[PDB]
Amino acid sequence: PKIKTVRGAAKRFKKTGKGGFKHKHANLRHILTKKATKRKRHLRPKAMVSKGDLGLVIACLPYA
Amino acid sequence: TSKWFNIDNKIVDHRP
Amino acid sequence: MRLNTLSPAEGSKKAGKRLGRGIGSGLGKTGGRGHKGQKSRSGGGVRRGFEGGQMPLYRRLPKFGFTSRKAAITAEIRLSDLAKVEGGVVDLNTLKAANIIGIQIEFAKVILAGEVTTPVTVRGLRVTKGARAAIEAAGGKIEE
Amino acid sequence: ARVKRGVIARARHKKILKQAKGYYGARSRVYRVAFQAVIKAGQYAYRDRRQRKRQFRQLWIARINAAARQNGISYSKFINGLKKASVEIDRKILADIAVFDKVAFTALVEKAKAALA
Amino acid sequence: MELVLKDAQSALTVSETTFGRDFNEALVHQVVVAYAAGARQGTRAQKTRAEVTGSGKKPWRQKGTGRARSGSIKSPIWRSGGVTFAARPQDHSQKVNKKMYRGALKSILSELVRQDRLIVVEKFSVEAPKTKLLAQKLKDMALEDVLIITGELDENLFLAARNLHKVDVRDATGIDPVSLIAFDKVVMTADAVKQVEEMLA
RNA sequence: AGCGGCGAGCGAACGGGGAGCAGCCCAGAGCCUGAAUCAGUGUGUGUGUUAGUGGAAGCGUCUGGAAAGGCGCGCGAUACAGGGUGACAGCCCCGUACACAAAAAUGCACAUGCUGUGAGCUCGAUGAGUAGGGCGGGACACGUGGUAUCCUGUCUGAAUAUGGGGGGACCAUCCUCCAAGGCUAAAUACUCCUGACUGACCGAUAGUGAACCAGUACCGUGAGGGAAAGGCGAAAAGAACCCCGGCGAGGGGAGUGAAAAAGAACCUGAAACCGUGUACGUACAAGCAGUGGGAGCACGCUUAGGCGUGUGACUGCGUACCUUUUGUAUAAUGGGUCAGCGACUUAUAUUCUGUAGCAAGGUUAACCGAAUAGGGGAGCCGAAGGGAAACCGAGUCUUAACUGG
Ligand SMILES: N[C@@H](Cc1c[nH]c2ccccc12)C(=O)O
Ligand SMILES: [Mg+2]
Ligand SMILES: [Mg+2]
Ligand SMILES: [Mg+2]
Ligand SMILES: [Mg+2]
Ligand SMILES: [Mg+2]
Ligand SMILES: [Mg+2]
Ligand SMILES: [Mg+2]
Ligand SMILES: [Mg+2]
Ligand SMILES: [Mg+2]
Ligand SMILES: [Mg+2]
Ligand SMILES: [Mg+2]
Ligand SMILES: [Mg+2]
Ligand SMILES: [Mg+2]
Ligand SMILES: [Mg+2]
Ligand SMILES: [Mg+2]
Ligand SMILES: [Mg+2]
Ligand SMILES: [Mg+2]
Ligand SMILES: [Mg+2]
Ligand SMILES: [Mg+2]
Ligand SMILES: [Mg+2]
Ligand SMILES: [Mg+2]
Ligand SMILES: [Mg+2]
Ligand SMILES: [Mg+2]
Ligand SMILES: [Mg+2]
Ligand SMILES: [Mg+2]
Ligand SMILES: [Mg+2]
Ligand SMILES: [Mg+2]
Ligand SMILES: [Mg+2]
Ligand SMILES: [Mg+2]
Ligand SMILES: [Mg+2]
Ligand SMILES: [Mg+2]
Ligand SMILES: [Mg+2]
Ligand SMILES: [Mg+2]
Ligand SMILES: [Mg+2]
Ligand SMILES: [Mg+2]
Ligand SMILES: [Mg+2]
Ligand SMILES: [Mg+2]
Ligand SMILES: [Mg+2]
């Protein structure tokens, strides 16, 4: 049988040009009044998955 | 089957 | 050249691991699994993305975005394909007939990649700035 | 393709047992006990190559000591005299002479005593 | 190359890339091995412990019997128990890319010409389907172990050579690397040369 | 794509390439003849099926119990597939390629009678407790969610061709189809059974549980469970007769046989285990039983030189193997021993390495092909990225814009 993609991981990571994965930063869903604006601004843009996690991410997405 | 001194309780439970 | 004078190339036929066949093979007894534990059990192991009970990365990060069916049905076209099309007139159905794009792509675009040296007419496709300059330099025509 | 193991199994077991010829009882009959004996025989053989070198040097020292003390000097002073007179006859040959040619050993003891004196 | 006939003592021109490339033994070996693997039938099966006839009753109770515990009479350890990893009917064929197959045939034909095991003749036929007549004609040509390729399938030649086990007769389209390598001499008619060079391009 | 304690997992369709192709009837009246098409029942022609017939071509010599083997010399082949024959046979036998054969029964495809059935044309009609709705469930990849669509247990309930359904909440426009009646070959699924052929399938602890009078013996009240056990020799020529013995069992002669070192407990005949004979050692000597040194004794010797083989008095060192452990002589685990069996495999998908082909290209899948060839480029991966997305594109996004990032 074909390998099955982990669908939650497919919804949360997209692949980039050189083979990395981009993801959205955590901690920007609520409690935003007491979070500071500098912290929220730096949490706003998308980021890259690190070296400690690329292995798990690729193992969850065989078809990306 | 099994030995009666293994089925018994006073000698099997000898060191509780 | 007989049936018993043919041999494969060097290094092309490395033989597989044979686990558990004595001390000297280096894979005897446990066979590369260590001592005890879930990973040496037969059929043992964890699933993908398991981190020992800590919340996995694909569940502590937030989801984002949505999916566009227009992006699913739109393709992009190289200038090399633009030259490879047959007939000298570049339309959606001509590209489909020349197998540049599949049958369900409705919108197409020509991008600056490769090079064009044959004067061709583009009709009914969006064209980027660099591709328009390259086609007009090569001596073509861009319709609307 | 099914493989039957009778011929190879018999060959390996007979190789071990032919090595274990001469041992007491099940160590020369029974394959398991014979295999445990042949490995130990090899370990002892390796260790005893080393110990053979040690034991034979020990025996030569004892014989040189006895002959030198018969000729009126101790082994340590005899060897000091030879190393001071720069004679390089080793202990194997010195014990050989000390047994078979007593006059030559008398000459060597006199040379060592002259070198010390 | 140029191929020199012997019945007509003439010359025939053939392609550089078809009859004059080097012998690439790794490709030729891969295609020969794949031909044998595709020739495999692979019909066999053994019974696992799911399939041996028997019951699922535990042979004796778990504790207290004094025997090493057992849970099924069909265990692969036991005598008359199933096979542990019992084989099933499987497909032994391998894929060869078309360009690798064509390269292997070109290398084989080039090596045949290089070692001079390929005899080109103008016409090759027998009058009547008589194996004696074909054997006499091959003894005249001084050939024993021969693969004879012919452009058109001839019924008389095929019936004549059906019984000689060192002589095979093939049509142009049906040549294969194992037969070309195995047979000692190969006899090409001119029509077969044209058809082979055409299909090899 | 979607569904999903948005977890584990489940997972389409649109569209594209093939295999195969076939359309009709009632809800109703009239002209017309019973016409197309289907079933049964007969009758002819082919093809089979159930018995079968013919089917080529070798001798001499040597070893050998025996020739099919060695050596020499011939012949057949639309037949050198296979089996048997005293060792391995194209030419000894049964066969095979090929050419034929059916009194009788029957299958199929035609053609043709009878029975039943009706086609063609015109006009008309267009399946009501139904569609839909409320409540509860179920099926759709879709877990009630914004949920389309299908089915219905309960309660209701239209329009009906000037009409109605669907197009994924819903409304409007447009497109496309006509529910509430039914019939229909092929491509497709399987093998208790029959025949032929095949096998990088097994070869008596294997292969069916079962090569043998096996679902037997035996076990259980019963459902049910469920074995072990193949081989003399080419041919029984299977040991006439004599002797010991209980008118035994068993044996020794004789005899057959190539061989009884094949005698029916029968090809070969391993190991554990049990003995008989010979050489050496051992009755003042302490322990994983060996190893290093080593005298003597006995037997072979072929440079008369010591060597080789068997033993081993005495002697230095020396607490088994596996496992599991920080650590085992461990008084922790396992094993009475021998022999046979017993544990990282297979299929599909994905990434990395090596190697081989082609190279900005590579490669086909299903299927056709008698075809491991050839066709098939449907597709898939790659040559372009950025963004959530529209979109822009060697750029893009962020932002009102970047010196920027
Ligand atoms: N020992 C006694 C009693 C007995 C029978 N079965 C037993 C089982 C467990 C203990 C004791 C018993 C006997 O043999 O008759
Ligand atoms: Mg928010
Ligand atoms: Mg190791
Ligand atoms: Mg542990
Ligand atoms: Mg273990
Ligand atoms: Mg571990
Ligand atoms: Mg398991
Ligand atoms: Mg295409
Ligand atoms: Mg076998
Ligand atoms: Mg013995
Ligand atoms: Mg079995
Ligand atoms: Mg192909
Ligand atoms: Mg005959
Ligand atoms: Mg003969
Ligand atoms: Mg024989
Ligand atoms: Mg209707
Ligand atoms: Mg309803
Ligand atoms: Mg509704
Ligand atoms: Mg409806
Ligand atoms: Mg609707
Ligand atoms: Mg059996
Ligand atoms: Mg046997
Ligand atoms: Mg009974
Ligand atoms: Mg008798
Ligand atoms: Mg025999
Ligand atoms: Mg026997
Ligand atoms: Mg024996
Ligand atoms: Mg004493
Ligand atoms: Mg004594
Ligand atoms: Mg003692
Ligand atoms: Mg000691
Ligand atoms: Mg450890
Ligand atoms: Mg402990
Ligand atoms: Mg210790
Ligand atoms: Mg003890
Ligand atoms: Mg212990
Ligand atoms: Mg334990
Ligand atoms: Mg024990
Ligand atoms: Mg893009």
# chains A, B, ... in the order shown; residues from 1 in each chain; ligands from 1
>>> residues_around(residues="segment 19-35 of chain D", least_positions_apart="2", cutoff="10 Å", atoms="only C-alpha atoms (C1' of nucleotides)", output="list in words")
residues 13, 14, 15, 16, 17, 37, 38, 39, 40 and 41 of chain D; 271, 272, 289, 290, 320, 321, 337 and 338 of chain F
>>> residues_around(residues="residue 141 of chain F", least_positions_apart="3", cutoff="7 Å", atoms="only C-alpha atoms (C1' of nucleotides)", output="list in words")
residues 3, 10, 11 and 12 of chain F
>>> residues_near_ligand(ligand="ligand 36", cutoff="12 Å", atoms="only C-alpha atoms (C1' of nucleotides) and all ligand atoms", output="PDB file with N, CA and C atoms (P, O5', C5', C4', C3', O3' and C1' of nucleotides), in the first residue's frame")
ATOM      1  P     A F 320      36.888 -21.019  35.074  1.00  0.00           P
ATOM      2  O5'   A F 320      35.849 -21.673  34.071  1.00  0.00           O
ATOM      3  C5'   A F 320      34.959 -22.692  34.495  1.00  0.00           C
ATOM      4  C4'   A F 320      34.443 -23.483  33.320  1.00  0.00           C
ATOM      5  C3'   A F 320      33.528 -22.745  32.363  1.00  0.00           C
ATOM      6  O3'   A F 320      34.221 -21.934  31.442  1.00  0.00           O
ATOM      7  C1'   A F 320      32.578 -24.816  32.887  1.00  0.00           C
ATOM      8  P     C F 321      33.606 -20.527  31.020  1.00  0.00           P
ATOM      9  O5'   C F 321      32.397 -20.906  30.074  1.00  0.00           O
ATOM     10  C5'   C F 321      32.622 -21.285  28.731  1.00  0.00           C
ATOM     11  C4'   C F 321      31.335 -21.651  28.044  1.00  0.00           C
ATOM     12  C3'   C F 321      30.281 -20.568  27.974  1.00  0.00           C
ATOM     13  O3'   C F 321      30.508 -19.566  27.009  1.00  0.00           O
ATOM     14  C1'   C F 321      29.271 -22.540  28.683  1.00  0.00           C
ATOM     15  P     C F 322      29.953 -18.091  27.289  1.00  0.00           P
ATOM     16  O5'   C F 322      28.381 -18.266  27.267  1.00  0.00           O
ATOM     17  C5'   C F 322      27.697 -18.428  26.041  1.00  0.00           C
ATOM     18  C4'   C F 322      26.220 -18.625  26.244  1.00  0.00           C
ATOM     19  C3'   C F 322      25.446 -17.422  26.720  1.00  0.00           C
ATOM     20  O3'   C F 322      25.168 -16.493  25.698  1.00  0.00           O
ATOM     21  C1'   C F 322      24.810 -19.289  27.984  1.00  0.00           C
ATOM     22  P     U F 323      25.374 -14.936  25.989  1.00  0.00           P
ATOM     23  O5'   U F 323      24.134 -14.555  26.901  1.00  0.00           O
ATOM     24  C5'   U F 323      22.812 -14.791  26.454  1.00  0.00           C
ATOM     25  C4'   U F 323      21.840 -14.861  27.597  1.00  0.00           C
ATOM     26  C3'   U F 323      21.603 -13.567  28.336  1.00  0.00           C
ATOM     27  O3'   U F 323      20.622 -12.785  27.691  1.00  0.00           O
ATOM     28  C1'   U F 323      21.899 -15.358  29.863  1.00  0.00           C
ATOM     29  P     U F 328      30.568 -10.413  35.853  1.00  0.00           P
ATOM     30  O5'   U F 328      30.216 -11.618  36.821  1.00  0.00           O
ATOM     31  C5'   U F 328      31.059 -11.950  37.910  1.00  0.00           C
ATOM     32  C4'   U F 328      30.819 -13.355  38.396  1.00  0.00           C
ATOM     33  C3'   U F 328      30.804 -14.437  37.319  1.00  0.00           C
ATOM     34  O3'   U F 328      31.445 -15.598  37.821  1.00  0.00           O
ATOM     35  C1'   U F 328      28.813 -14.531  38.560  1.00  0.00           C
ATOM     36  P     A F 329      33.001 -15.832  37.547  1.00  0.00           P
ATOM     37  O5'   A F 329      33.239 -17.327  38.006  1.00  0.00           O
ATOM     38  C5'   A F 329      33.015 -18.414  37.126  1.00  0.00           C
ATOM     39  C4'   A F 329      32.849 -19.684  37.907  1.00  0.00           C
ATOM     40  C3'   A F 329      31.509 -19.830  38.601  1.00  0.00           C
ATOM     41  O3'   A F 329      30.554 -20.491  37.790  1.00  0.00           O
ATOM     42  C1'   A F 329      33.275 -20.195  40.149  1.00  0.00           C
ATOM     43  P     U F 330      29.496 -19.670  36.909  1.00  0.00           P
ATOM     44  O5'   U F 330      29.042 -18.493  37.863  1.00  0.00           O
ATOM     45  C5'   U F 330      27.843 -18.596  38.612  1.00  0.00           C
ATOM     46  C4'   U F 330      28.053 -19.340  39.905  1.00  0.00           C
ATOM     47  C3'   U F 330      26.911 -19.235  40.899  1.00  0.00           C
ATOM     48  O3'   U F 330      26.908 -20.406  41.710  1.00  0.00           O
ATOM     49  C1'   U F 330      28.846 -18.348  41.862  1.00  0.00           C
ATOM     50  P     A F 331      26.201 -21.766  41.233  1.00  0.00           P
ATOM     51  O5'   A F 331      25.519 -22.307  42.562  1.00  0.00           O
ATOM     52  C5'   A F 331      24.150 -22.054  42.830  1.00  0.00           C
ATOM     53  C4'   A F 331      23.929 -21.357  44.151  1.00  0.00           C
ATOM     54  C3'   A F 331      24.783 -20.125  44.441  1.00  0.00           C
ATOM     55  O3'   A F 331      23.979 -19.161  45.112  1.00  0.00           O
ATOM     56  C1'   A F 331      24.996 -21.663  46.204  1.00  0.00           C
ATOM     57  P     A F 332      23.417 -17.870  44.348  1.00  0.00           P
ATOM     58  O5'   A F 332      21.930 -18.259  43.945  1.00  0.00           O
ATOM     59  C5'   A F 332      21.630 -18.896  42.715  1.00  0.00           C
ATOM     60  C4'   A F 332      20.788 -18.005  41.846  1.00  0.00           C
ATOM     61  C3'   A F 332      20.328 -18.594  40.526  1.00  0.00           C
ATOM     62  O3'   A F 332      19.157 -19.378  40.652  1.00  0.00           O
ATOM     63  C1'   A F 332      21.286 -16.487  40.140  1.00  0.00           C
ATOM     64  P     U F 333      18.969 -20.704  39.773  1.00  0.00           P
ATOM     65  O5'   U F 333      18.587 -20.160  38.336  1.00  0.00           O
ATOM     66  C5'   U F 333      17.459 -19.331  38.123  1.00  0.00           C
ATOM     67  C4'   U F 333      17.284 -19.078  36.652  1.00  0.00           C
ATOM     68  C3'   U F 333      17.428 -20.309  35.787  1.00  0.00           C
ATOM     69  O3'   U F 333      16.217 -21.025  35.695  1.00  0.00           O
ATOM     70  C1'   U F 333      18.734 -18.556  34.891  1.00  0.00           C
ATOM     71  P     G F 334      16.200 -22.619  35.694  1.00  0.00           P
ATOM     72  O5'   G F 334      16.602 -22.983  34.208  1.00  0.00           O
ATOM     73  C5'   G F 334      15.856 -22.519  33.101  1.00  0.00           C
ATOM     74  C4'   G F 334      16.560 -22.869  31.821  1.00  0.00           C
ATOM     75  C3'   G F 334      17.173 -24.252  31.790  1.00  0.00           C
ATOM     76  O3'   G F 334      16.241 -25.260  31.455  1.00  0.00           O
ATOM     77  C1'   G F 334      18.759 -22.677  31.053  1.00  0.00           C
ATOM     78  P     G F 335      16.188 -26.620  32.291  1.00  0.00           P
ATOM     79  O5'   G F 335      16.871 -27.685  31.329  1.00  0.00           O
ATOM     80  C5'   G F 335      16.825 -27.546  29.920  1.00  0.00           C
ATOM     81  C4'   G F 335      18.115 -27.982  29.272  1.00  0.00           C
ATOM     82  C3'   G F 335      18.844 -29.143  29.923  1.00  0.00           C
ATOM     83  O3'   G F 335      18.310 -30.408  29.587  1.00  0.00           O
ATOM     84  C1'   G F 335      20.379 -27.423  29.457  1.00  0.00           C
TER      85        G F 335
END
>>> residues_around(residues="segment 5-11 of chain E", least_positions_apart="2", cutoff="8 Å", atoms="only C-alpha atoms (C1' of nucleotides)", output="ChimeraX atom specification")
/E:2-3,13,119-122
>>> write_last_selection(atoms="N, CA and C atoms", output="PDB file, in the first residue's frame")
ATOM      1  N   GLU E   2      31.284  -3.169 -42.374  1.00  0.00           N
ATOM      2  CA  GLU E   2      30.974  -3.866 -43.616  1.00  0.00           C
ATOM      3  C   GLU E   2      30.992  -5.348 -43.290  1.00  0.00           C
ATOM      4  N   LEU E   3      29.957  -6.070 -43.695  1.00  0.00           N
ATOM      5  CA  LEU E   3      29.863  -7.501 -43.448  1.00  0.00           C
ATOM      6  C   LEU E   3      30.068  -8.240 -44.761  1.00  0.00           C
ATOM      7  N   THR E  13      26.656  -2.993 -46.034  1.00  0.00           N
ATOM      8  CA  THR E  13      27.014  -1.928 -45.105  1.00  0.00           C
ATOM      9  C   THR E  13      26.039  -1.909 -43.937  1.00  0.00           C
ATOM     10  N   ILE E 119      27.772 -15.145 -39.109  1.00  0.00           N
ATOM     11  CA  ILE E 119      27.930 -15.417 -40.531  1.00  0.00           C
ATOM     12  C   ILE E 119      26.719 -14.851 -41.252  1.00  0.00           C
ATOM     13  N   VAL E 120      26.950 -13.985 -42.232  1.00  0.00           N
ATOM     14  CA  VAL E 120      25.878 -13.403 -43.033  1.00  0.00           C
ATOM     15  C   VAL E 120      25.823 -14.141 -44.362  1.00  0.00           C
ATOM     16  N   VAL E 121      24.637 -14.625 -44.722  1.00  0.00           N
ATOM     17  CA  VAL E 121      24.424 -15.308 -45.988  1.00  0.00           C
ATOM     18  C   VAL E 121      23.318 -14.588 -46.742  1.00  0.00           C
ATOM     19  N   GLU E 122      23.289 -14.787 -48.061  1.00  0.00           N
ATOM     20  CA  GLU E 122      22.307 -14.085 -48.879  1.00  0.00           C
ATOM     21  C   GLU E 122      20.941 -14.748 -48.782  1.00  0.00           C
TER      22      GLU E 122
END
>>> residues_around(residues="residue 142 of chain C", least_positions_apart="3", cutoff="10 Å", atoms="only C-alpha atoms (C1' of nucleotides)", output="list in words")
residues 90, 120, 121, 122, 123, 124, 125, 126, 127, 132, 135 and 136 of chain C
>>> write_last_selection(atoms="N, CA, C and O atoms", output="JSON list (two decimals), in the first residue's frame")
[["chain", "number", "residue", "atom", "x", "y", "z"],
["C", 90, "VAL", "N", 0.40, 29.90, -30.25],
["C", 90, "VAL", "CA", 0.39, 29.35, -28.90],
["C", 90, "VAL", "C", -0.96, 29.66, -28.27],
["C", 90, "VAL", "O", -1.23, 30.79, -27.86],
["C", 120, "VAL", "N", 7.13, 33.29, -32.36],
["C", 120, "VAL", "CA", 5.85, 32.65, -32.09],
["C", 120, "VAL", "C", 4.87, 33.69, -31.57],
["C", 120, "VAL", "O", 5.25, 34.71, -30.99],
["C", 121, "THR", "N", 3.58, 33.44, -31.82],
["C", 121, "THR", "CA", 2.50, 34.31, -31.37],
["C", 121, "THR", "C", 1.85, 33.69, -30.13],
["C", 121, "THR", "O", 1.45, 32.53, -30.16],
["C", 122, "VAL", "N", 1.75, 34.48, -29.07],
["C", 122, "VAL", "CA", 1.06, 34.05, -27.85],
["C", 122, "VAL", "C", -0.32, 34.69, -27.85],
["C", 122, "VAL", "O", -0.44, 35.91, -28.00],
["C", 123, "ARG", "N", -1.36, 33.89, -27.68],
["C", 123, "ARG", "CA", -2.73, 34.39, -27.66],
["C", 123, "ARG", "C", -3.46, 33.80, -26.46],
["C", 123, "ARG", "O", -3.43, 32.58, -26.26],
["C", 124, "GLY", "N", -4.12, 34.65, -25.69],
["C", 124, "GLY", "CA", -5.01, 34.18, -24.65],
["C", 124, "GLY", "C", -4.34, 33.71, -23.38],
["C", 124, "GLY", "O", -5.00, 33.09, -22.54],
["C", 125, "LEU", "N", -3.06, 34.00, -23.19],
["C", 125, "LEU", "CA", -2.34, 33.63, -21.98],
["C", 125, "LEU", "C", -1.73, 34.87, -21.35],
["C", 125, "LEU", "O", -1.28, 35.77, -22.05],
["C", 126, "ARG", "N", -1.71, 34.90, -20.02],
["C", 126, "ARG", "CA", -1.01, 35.96, -19.31],
["C", 126, "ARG", "C", 0.49, 35.77, -19.49],
["C", 126, "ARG", "O", 1.01, 34.66, -19.44],
["C", 127, "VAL", "N", 1.19, 36.87, -19.73],
["C", 127, "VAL", "CA", 2.63, 36.84, -19.99],
["C", 127, "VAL", "C", 3.31, 37.81, -19.03],
["C", 127, "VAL", "O", 2.87, 38.95, -18.88],
["C", 132, "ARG", "N", 7.50, 38.75, -21.92],
["C", 132, "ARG", "CA", 7.03, 39.64, -22.97],
["C", 132, "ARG", "C", 8.19, 40.30, -23.68],
["C", 132, "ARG", "O", 8.23, 40.38, -24.91],
["C", 135, "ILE", "N", 9.99, 37.59, -25.87],
["C", 135, "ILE", "CA", 9.23, 37.27, -27.08],
["C", 135, "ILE", "C", 9.29, 38.42, -28.08],
["C", 135, "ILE", "O", 9.52, 38.19, -29.28],
["C", 136, "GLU", "N", 9.11, 39.65, -27.62],
["C", 136, "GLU", "CA", 9.15, 40.79, -28.53],
["C", 136, "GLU", "C", 10.56, 41.02, -29.08],
["C", 136, "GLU", "O", 10.71, 41.53, -30.19]]
>>> interface_residues(of="chain E", to="chain C", cutoff="8 Å", atoms="only C-alpha atoms", output="VMD selection string")
chain E and resid 25 to 26 28 to 30 111 178 181 to 182
>>> residues_near_ligand(ligand="ligand 18", cutoff="12 Å", atoms="only C-alpha atoms (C1' of nucleotides) and all ligand atoms", output="list in words")
residues 132, 133, 134, 144, 147, 148, 149, 150 and 169 of chain F
>>> residues_near_ligand(ligand="ligand 5", cutoff="9 Å", atoms="only C-alpha atoms (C1' of nucleotides) and all ligand atoms", output="ChimeraX atom specification")
/C:29-30,35-36 /F:323-324
>>> write_last_selection(atoms="N, CA and C atoms (P, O5', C5', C4', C3', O3' and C1' of nucleotides)", output="PDB file, in the first residue's frame")
ATOM      1  N   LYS C  29      23.392 -13.070  17.715  1.00  0.00           N
ATOM      2  CA  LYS C  29      22.561 -12.895  18.899  1.00  0.00           C
ATOM      3  C   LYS C  29      21.496 -11.844  18.632  1.00  0.00           C
ATOM      4  N   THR C  30      21.633 -10.657  19.218  1.00  0.00           N
ATOM      5  CA  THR C  30      20.541  -9.692  19.199  1.00  0.00           C
ATOM      6  C   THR C  30      20.255  -9.141  17.810  1.00  0.00           C
ATOM      7  N   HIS C  35      19.787  -4.407  23.710  1.00  0.00           N
ATOM      8  CA  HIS C  35      19.301  -5.312  24.742  1.00  0.00           C
ATOM      9  C   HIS C  35      17.952  -4.830  25.239  1.00  0.00           C
ATOM     10  N   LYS C  36      16.927  -5.671  25.082  1.00  0.00           N
ATOM     11  CA  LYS C  36      15.582  -5.469  25.617  1.00  0.00           C
ATOM     12  C   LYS C  36      14.926  -4.192  25.109  1.00  0.00           C
TER      13      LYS C  36
ATOM     14  P     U F 323      25.374 -14.936  25.989  1.00  0.00           P
ATOM     15  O5'   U F 323      24.134 -14.555  26.901  1.00  0.00           O
ATOM     16  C5'   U F 323      22.812 -14.791  26.454  1.00  0.00           C
ATOM     17  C4'   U F 323      21.840 -14.861  27.597  1.00  0.00           C
ATOM     18  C3'   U F 323      21.603 -13.567  28.336  1.00  0.00           C
ATOM     19  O3'   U F 323      20.622 -12.785  27.691  1.00  0.00           O
ATOM     20  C1'   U F 323      21.899 -15.358  29.863  1.00  0.00           C
ATOM     21  P     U F 324      20.792 -11.207  27.553  1.00  0.00           P
ATOM     22  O5'   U F 324      20.584 -10.679  29.030  1.00  0.00           O
ATOM     23  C5'   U F 324      19.350 -10.863  29.699  1.00  0.00           C
ATOM     24  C4'   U F 324      19.502 -10.631  31.178  1.00  0.00           C
ATOM     25  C3'   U F 324      20.175  -9.333  31.565  1.00  0.00           C
ATOM     26  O3'   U F 324      19.269  -8.251  31.595  1.00  0.00           O
ATOM     27  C1'   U F 324      21.173 -11.115  32.739  1.00  0.00           C
TER      28        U F 324
END
